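Read the figures in this text as sums done on the coordinates, not as results from a lab. With ideal geometry, Cβ positions are generated from the backbone for all residues, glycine too; neighbour counts draw on all protein chains shown.
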C-alpha cells in the first residue's frame, strides 16, 4: 500500500465525465473538473487539462497522468501551507498518506480549517485526533471513506485498506 493505491481505492477509476459525491463534474481517479452545473464548462476544463478535444472520455493512461499531477499538487499544497506543513513534517510516512488523502479530497484551505485535529495529530494524541476528525461535515457526508482515513491516522497502519 501507498498513497496512489490508497486514493485509487477511495476514488475509483472512471473514464467518462461523472458527478462526484457532492454532485460536481469529475473524471478519472477523482479529478475534479469544475463546480459549475454546466456540462459544457466541465468538458472545456477536461480538454484544457488533457490538451486535446475529447468527447468527454479519456484513456486510462490519461486518467493516471492527471492522478499523478493531482497527488503531486496535494503534496505541494501541504508543503506551501504554514499550518499544514509542520503537522505533515511531524508524521510518519503512513500518516502522511492519510494527510495527502484529505487534501486531495477537500483541498488545502478546507483541511487547514481542521485546526484542533491538526494540533492533536502533531501532539500524537491519536485516539483524541480520531474523535475530533469525525466531528465534521467530511465524516458525515463520506463516513466510510473518512473512517478509513481516520483509522489510518489513528493507527499508522494500512489496516483499513486491507481486504478492500
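Table for the structure above
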item: Pair list, Cβ < 6 Å and 6+ apart or interchain, from region 26-41 residues that are touching a residue at least 60 places away in the same chain (Cβ under 8 Å) to residues that are part of a helix (DSSP H, G or I) and buried (at least 18 other Cβ atoms within 10 Å of the Cβ); result: 30/11
item: The listed residue being surrounded by 20 or more Cβ atoms within 10 Å (Cβ to Cβ), in contact with a helix residue (DSSP H, G or I) (Cβ under 9 Å, 6 or more places away or on another chain) and closer than 23 Å to residue 33 by Cα, out of 160, 74; result: 74
item: Which listed residue is free of Cβ contacts under 8 Å to residues at least 40 places away in the same chain, more than 18 Å from residue 86 (Cβ to Cβ) and surrounded by fewer than 13 Cβ atoms within 10 Å (Cβ to Cβ), from 135, 147; result: 135
item: Residue identified as in a helix (DSSP H, G or I) and farther than 28 Å from residue 158 by Cβ among 10, 47, 72; result: 47
item: Residue match in region 40-56 (condition: surrounded by fewer than 20 Cβ atoms within 10 Å (Cβ to Cβ) and in contact with a strand residue (DSSP E or B) (Cβ under 6 Å, 6 or more places away or on another chain)); result: yes
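Here's the yes/no breakdown for (1) within 18 Å of residue 1 (Cβ to Cβ); (2) out of contact with any helix residue (DSSP H, G or I) (no Cβ under 7 Å at 6 or more places or on another chain):
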| residue | (1), (2) |
| --- | --- |
| 65 | no, yes |
| 81 | no, no |
| 92 | yes, yes |
| 100 | yes, no |
| 116 | no, no |
| 131 | no, yes |
